[PDB]
Amino acid sequence: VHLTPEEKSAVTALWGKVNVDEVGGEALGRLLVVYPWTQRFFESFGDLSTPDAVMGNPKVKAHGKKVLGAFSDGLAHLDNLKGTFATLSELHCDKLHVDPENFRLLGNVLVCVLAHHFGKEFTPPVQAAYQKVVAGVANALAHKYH
Amino acid sequence: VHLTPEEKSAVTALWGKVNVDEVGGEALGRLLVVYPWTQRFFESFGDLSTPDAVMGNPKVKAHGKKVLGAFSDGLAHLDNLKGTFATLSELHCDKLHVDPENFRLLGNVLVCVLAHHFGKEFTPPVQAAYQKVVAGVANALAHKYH
Amino acid sequence: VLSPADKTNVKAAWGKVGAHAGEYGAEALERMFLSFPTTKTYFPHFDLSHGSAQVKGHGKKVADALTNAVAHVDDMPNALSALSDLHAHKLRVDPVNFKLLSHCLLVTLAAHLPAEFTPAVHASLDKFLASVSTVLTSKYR
Amino acid sequence: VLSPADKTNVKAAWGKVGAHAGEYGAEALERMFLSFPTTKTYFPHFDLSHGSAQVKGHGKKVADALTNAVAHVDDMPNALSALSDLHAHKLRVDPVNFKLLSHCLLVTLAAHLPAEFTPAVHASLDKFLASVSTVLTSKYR
Ligand code: HEM
Ligand code: HEM
Ligand code: HEM
Ligand code: HEM
């Protein structure tokens, strides 16, 4: 997408401070807590039927990891998401069947989780820049949808 | 945007058939009926204060032909809706102060109006095509916004 | 919050449907899958080919649930409790989709009703598919 | 609906909030202006530099309204009915932008309440701002 110099720079800098596997776990799980119909893709994973259960469910937290890790990598191709994400887009349409509304729901719980993590370091300007990033990644996920 | 040429024909085909005028008054009107908070922009137009009143209001009708004329316009030029609409984009930010979300609403009302007017000629496929165009054209009008 | 007017409008309209309500309800799905292709992510079991039994069948079921809402218009919550459970607990369709199919259904009325789709009819039908939508999504969280 | 453990949740995160209500009102709005610029269409009469006193002032007034709907959780209808006729009849803010300002107040709360912002609380406050948004847009048509 396009962000300024100064936009890009402020993404990159927080993210250096992020433990990708803890934040991944957290955002996954609060997805599934605050928007419980997200739960539909996940009922391999075992016991979802409380907020404590969810948050301390292993399969949750691995899956979080693995989605965040991909997002991580992504932040390093922020001139080229849609090519970055093309083949995941794919996947997630034709074999996973994930309605791309969940992408956006994850991106706004990600934002809420940065803020809780960072407190007053997650300024309004820096909010703004990750909103731009989170929207880019949704829409690049969603790009191959048919 | 992205048509298919079997979608670019079914759009060009039908829109040679459109009264601008007529369809344009009808689209605007219904906007204002269905979603009355839209009438926040039009308070200089006259009494809006129930259905026959909005549909037969000559200032509705007039403006309704203005916008569908410009919509017209942009059909000639498909595959660069942003560089068509960027002036008018600017305008409805900095001068008019119109929420872009009103672009989407009229798009949907337009579809409504085509279906009512054309009957069983506005098939599913044609719809689909017209959906991509109006989404296109909303998005092109919102481009300028800051 | 449905006026008396609105009721009327809506009884009327869906009256005028009749017995094509199943046919209609197919063609709204059709319209939805072609125009808003995301919505197909909730039906990877179906064959969504033009003319699909499966869609025709589903579409009947939708229709009938709407005919039941019109019967009922003063106590929709009731009447549509099980399919609110269903969609909450079970199908777990994202609430943005509800919009999508309600516009498709408008679209299909418009196409079939050249007389009875007047402005005022349009507005009550939109408010009424909104309040259907709100009931079906009430127990999600 | 809010359960009654939602209510607990909201009453004892907002009582947290206490006497910063305003300032946090204020930051929410800034957040929304910067992150979603189309909302600024409804403020073209404000100075929207940051720390204006118009923003200030409006943030207070947004947070005392929310303060009044947490006092009256069980009948926020009747509690909000002033400002629902205002936003229906006057202000006419398209309903989408109520999710954008709900977003940014959840972000603000999360930013300032690191102990009380659990999952379970997230969830309840998300719910609570969705309901205040529906009771604000209630009289719109
Ligand atoms: C930032 C947004 C996301 C990113 C980058 C992402 C990325 C990925 C990656 C890298 C995989 C593994 C793919 C290999 O299996 O190939 C995957 C699988 C998965 N994702 Fe996504 N994903 C995202 C959001 C979602 C969301 C929001 C849901 C649903 C709520 C979702 C549901 C799944 C499922 C069910 C699979 C299969 C898991 C295996 O089968 O265990 N993903 N995702
Ligand atoms: C299809 C999308 C649209 C197109 C192409 C479009 C086009 C235009 C054009 C050509 C004009 C005259 C412009 C002075 O002439 O330089 C205009 C103005 C006007 N439009 Fe838009 N318009 C769009 C949709 C909308 C919507 C949905 C709203 C709000 C509901 C809107 C509200 C305005 C208003 C308030 C003006 C000024 C009216 C006279 O000046 O009071 N437009 N538009
Ligand atoms: C007016 C709005 C809606 C009405 C009235 C309604 C009604 C129904 C009925 C009556 C069923 C059958 C429940 C017998 O199975 O019980 C159903 C099933 C289902 N619904 Fe909904 N529905 C609505 C919207 C939606 C939307 C928007 C989606 C997705 C885009 C969705 C996806 C489905 C799925 C996936 C099924 C299962 C289909 C089986 O597999 O056959 N529904 N709905
Ligand atoms: C949580 C939801 C919201 C709450 C509780 C609420 C609250 C309020 C209150 C208390 C007032 C002052 C009314 C004392 O004048 O009469 C007002 C006015 C104002 N509201 Fe809402 N508000 C909400 C959301 C929105 C949203 C989303 C926007 C637009 C993006 C908006 C735009 C406005 C504007 C333009 C005014 C007039 C302000 C100047 O003129 O003062 N509001 N709001």
Side-chain angles (χ1 to χ4, degrees), chain A residues 27-28 31-32 35 38-42 44-45 59 62-63 66-71 73-74 85 87-88 91-92 95-107 110 134 137-138 141, chain B residues 27-28 31-32 35 38-42 44-45 59 63 66-74 85 87-88 91-92 95-99 101-107 109-110 134 137-138 140-141, chain D residues 25 28-29 32 36 38-43 45-46 54 57-58 60-66 68-69 80 82-83 86-87 90-91 93-102 105 129 132-133 136:
Chain A
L28 203 86
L31 173 78
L32 275 15
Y35 303 116
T38 52
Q39 304 177 14
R40 84 189 296 284
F41 286 110
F42 296 118
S44 87
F45 276 44
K59 272 119 182 219
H63 200 40
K66 171 172 238 202
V67 157
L68 239 245
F71 181 92
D73 288 5
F85 300 107
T87 285
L88 292 186
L91 176 84
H92 271 87
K95 299 304 193 186
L96 326 169
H97 319 298
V98 174
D99 169 346
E101 178 76 22
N102 283 293
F103 309 135
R104 286 171 210 201
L105 284 176
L106 184 56
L110 181 58
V134 299
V137 178
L141 281 177
Chain B
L28 191 55
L31 185 80
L32 293 169
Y35 304 112
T38 60
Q39 290 185 11
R40 70 186 293 306
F41 304 93
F42 284 108
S44 67
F45 271 33
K59 293 153 136 112
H63 193 51
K66 178 132 226 227
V67 151
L68 241 353
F71 177 104
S72 345
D73 308 142
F85 270 115
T87 301
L88 283 163
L91 172 66
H92 256 87
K95 319 291 179 180
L96 305 175
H97 305 308
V98 169
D99 182 358
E101 176 68 29
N102 280 291
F103 308 145
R104 297 174 175 162
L105 291 176
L106 183 59
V109 176
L110 177 59
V134 307
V137 168
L141 283 196
Chain D
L29 301 169
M32 183 185 71
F36 309 95
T38 48
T39 62
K40 284 186 289 184
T41 67
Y42 276 102
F43 300 84
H45 52 326
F46 269 23
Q54 271 166 296
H58 192 55
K60 181 179 180 181
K61 284 165 188 183
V62 178
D64 276 14
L66 283 170
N68 178 38
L80 302 176
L83 231 40
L86 176 81
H87 269 86
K90 304 301 210 191
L91 297 170
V93 177
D94 186 271
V96 83
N97 292 275
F98 297 77
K99 319 210 265 205
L100 312 179
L101 179 51
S102 287
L105 251 174
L129 296 168
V132 169
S133 292
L136 284 168

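Remember, it's 1-based here, ligands and their atoms both numbered in the order they're listed. Side chains are part of it too, since the values below use all heavy atoms of this structure and drop only hydrogens, waters and symmetry mates. Just so it is clear: chains get the letters A, B, ... in the order the sequence lines come, proteins before strands, and each one is counted from 1.
- Counting heavy atoms closer than 4.0 Å to ligand 2, residue B/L68 contributes nothing at all.
- A heavy-atom distance below 4.5 Å is not found between the side chains of D/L136 and D/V93.
- Among all protein heavy atoms, the one lying closest to atom 16 (O) of ligand 2 is B/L91 CD2, 3.9 Å.
- Taking CG from A/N102 and CG from A/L106, the interatomic distance works out to 8.5 Å, rounded to the nearest 0.5 Å.
- Residues D/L101 and D/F36 are not in side-chain contact: their nearest non-hydrogen atoms beyond the backbone lie 4.5 Å or more apart.
- Below 4.0 Å from some heavy atom of D/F46 lie the following atoms of ligand 4, by number and element: 39 (C), 41 (O).
- Protein N/O/S atoms found under 2.8 Å from atom 21 (Fe) of ligand 4: D/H87 NE2.
- Nearest to atom 10 (C) of ligand 2 among the protein's heavy atoms is B/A70 CB, 3.9 Å.
- Side-chain atoms of A/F71 and A/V134, non-hydrogen and from C-beta on, do get closer than 4.5 Å to each other.
- Considering only heavy atoms from C-beta on, A/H92 comes within 4.5 Å of A/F103 through its side chain.
- In this structure, the side chains of D/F98 and D/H87 come closer than 4.5 Å at one or more pairs of heavy atoms.
- The closest protein non-hydrogen atom to atom 39 (C) of ligand 4 is D/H45 NE2, 3.4 Å.
- From the protein, the heavy atom lying nearest to atom 23 (C) of ligand 4 is D/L101 CD2, 3.8 Å.
- Those atoms of ligand 1 with a heavy atom of A/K66 less than 4.0 angstrom away are 12 (C), 14 (C), 15 (O).
- The A/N102 neighbourhood of ligand 1 comprises atoms 27 (C), with distances under 4.0 Å to a heavy atom of that residue.
- The closest protein non-hydrogen atom to atom 15 (O) of ligand 4 is D/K61 NZ, 4.1 Å.
- By the definition of a contact as any protein heavy atom under 4.0 Å away, atom 25 (C) of ligand 2 is in contact.
- Scanning all protein heavy atoms for the shortest distance to atom 28 (C) of ligand 2 gives B/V98 CG1, 4.1 Å.
- Here the closest non-hydrogen pair linking D/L29 and D/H58 is CD1-CD2, 3.8 Å.
- Closest approach of A/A70 to A/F85, counting heavy atoms only: O-CZ, 3.6 Å.
- Considering only heavy atoms from C-beta on, A/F42 comes within 4.5 Å of A/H63 through its side chain.
- The protein heavy atom nearest to atom 34 (C) of ligand 4 is D/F43 CE2, 3.7 Å.
- Closest to atom 29 (C) of ligand 1 by heavy atom, among A/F71, A/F41, A/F103, A/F45, is A/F41.
- When only non-hydrogen protein atoms are considered, atom 36 (C) of ligand 1 lies nearest to A/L96 CD1, 3.3 Å.
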Run the side-chain contact (heavy atoms from CB on, under 4.5 Å) test on A/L68 and A/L110 for me, step by step, so that the C-alpha distance in whole Å, both residues' side-chain angles and the decisive distance to 0.1 Å come before the verdict. CA-CA 10 Å; A/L68 239 245; A/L110 181 58; 4.2 Å; yes
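- Inter-residue side-chain proximity for B/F41 and B/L96 is flagged as unmet; no heavy-atom pair is nearer than 4.5 Å.
- D/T41 places no side-chain N or O within donor-acceptor distance of the main-chain N or O of B/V98, the cut-off being under 3.5 Å.
- Side-chain contact between D/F46 and D/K40: absent, with no pair of heavy atoms (C-beta onward) separated by less than 4.5 Å.
- At a distance under 4.0 Å, a protein heavy atom can be found next to atom 42 (N) of ligand 1.
- In terms of polar-atom proximity, defined here as any N/O pair under 3.5 Å, D/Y42 makes no such contact with ligand 4.
- For the atom pair CG of D/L66 and CG of D/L105, the computed distance is 6.0 Å after rounding to the nearest 0.5 Å.
- Short contacts between ligand 4 and D/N97, defined as distances under 4.0 Å to a heavy atom of the residue, involve ligand atoms 27 (C), 30 (C).
- If you check which protein heavy atom lies closest to atom 17 (C) of ligand 1, you get A/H92 CE1, 3.8 Å.
- Of the candidates A/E101, A/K59, A/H63, A/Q39, it is A/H63 that places a heavy atom closest to atom 38 (C) of ligand 1.
- If you check which protein heavy atom lies closest to atom 9 (C) of ligand 1, you get A/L88 CD2, 4.0 Å.
- For A/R104, the side chain to side chain donor-acceptor pair (under 3.5 Å) partners two or more places apart in sequence, or in a different chain, are A/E101.
- Separating the CG atom in D/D94 from the CG atom in D/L100 is a distance of 9.5 Å, to the nearest 0.5 Å.
- Summary of contacts: the protein heavy atom closest to atom 2 (C) of ligand 1 is A/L141 CD1, 3.6 Å.
- Of all protein heavy atoms, the one lying nearest to atom 4 (C) of ligand 2 is B/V67 CG1, 3.8 Å.
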Go through it in stages, so that I can follow the logic: the residues are B/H97 and D/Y42, the test is ring pair (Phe, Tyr, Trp, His ring centres under 6.0 Å), and I'd like the CA-CA distance, side-chain angles, deciding distance and then a yes or no. CA-CA 7 Å; B/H97 305 308; D/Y42 276 102; over 10 Å; no
